[PDB]
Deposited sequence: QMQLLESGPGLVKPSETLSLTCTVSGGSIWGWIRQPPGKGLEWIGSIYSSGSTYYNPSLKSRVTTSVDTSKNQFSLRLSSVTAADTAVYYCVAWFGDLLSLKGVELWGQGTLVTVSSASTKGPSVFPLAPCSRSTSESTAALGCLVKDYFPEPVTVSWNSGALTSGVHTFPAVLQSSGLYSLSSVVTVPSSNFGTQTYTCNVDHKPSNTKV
């Protein structure tokens, strides 16, 4: 997997920025997936420099590659709620050495477009597990110390517009958008 980075929260009208690390390749590109929807191509840059964008993203996409620093990047300007999605970077290598059809994907980064502020979660003991409540935006990750019998549940969106989730064992809470570790 490729190391993908960049903020998980962007205000409407501002610019979304993401970066991935990669050594080499032939085509570097970006694909996104709105919640509950299919894969949507954003743009690709080829080793020739030839560059192609999804025409529906009109003049808002800028992609770049810096092979000498082992990275490639996406900027999407003037965002609205329609741009909320999990974004993936993709690097095509193809038939390499003995290896064949190599294509590497970033892990995926959820970007939520919203004018609401980030809010760190309040963590409470369950008795067993932990309750992670009233945070924004997604996601939170929960680890323990232990990997067996651990069940982390998808978050509820409450009427406050804030999320809550619980993790059970049969806790190390991380909220990167607010930079909180409990």
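- Unmodelled regions (deposited sequence positions with no C-alpha coordinates, counted from 1) are 1-2, 130-141, 160-162, 188-199.
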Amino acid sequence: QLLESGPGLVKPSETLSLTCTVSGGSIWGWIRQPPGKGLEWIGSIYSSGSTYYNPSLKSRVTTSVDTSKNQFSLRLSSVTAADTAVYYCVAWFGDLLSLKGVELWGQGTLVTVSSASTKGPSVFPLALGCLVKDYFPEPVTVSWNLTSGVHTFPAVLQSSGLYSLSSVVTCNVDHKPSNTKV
From here on, numbers count along this sequence of modelled residues.
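- In this entry, 64-72 shows the higher mean Cα temperature factor of the pair 64-72 and 22-30.
- Mean CA temperature factor is higher for 148-156 when stretches 113-121 and 148-156 are set side by side in the entry.
- When the C-alpha B factors of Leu99, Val86, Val79, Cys89 are read from the deposited coordinates, the top value falls at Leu99.
- Of the candidates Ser167, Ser164, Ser13, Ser17, it is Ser167 whose Cα B-factor is highest according to the PDB record.
- Among the modelled residues of the chain, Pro139 sits in the middle third by CA temperature factor in this PDB entry.
- Per the PDB record, residue ranking by Cα B-factor puts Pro55 in the middle third of the chain.
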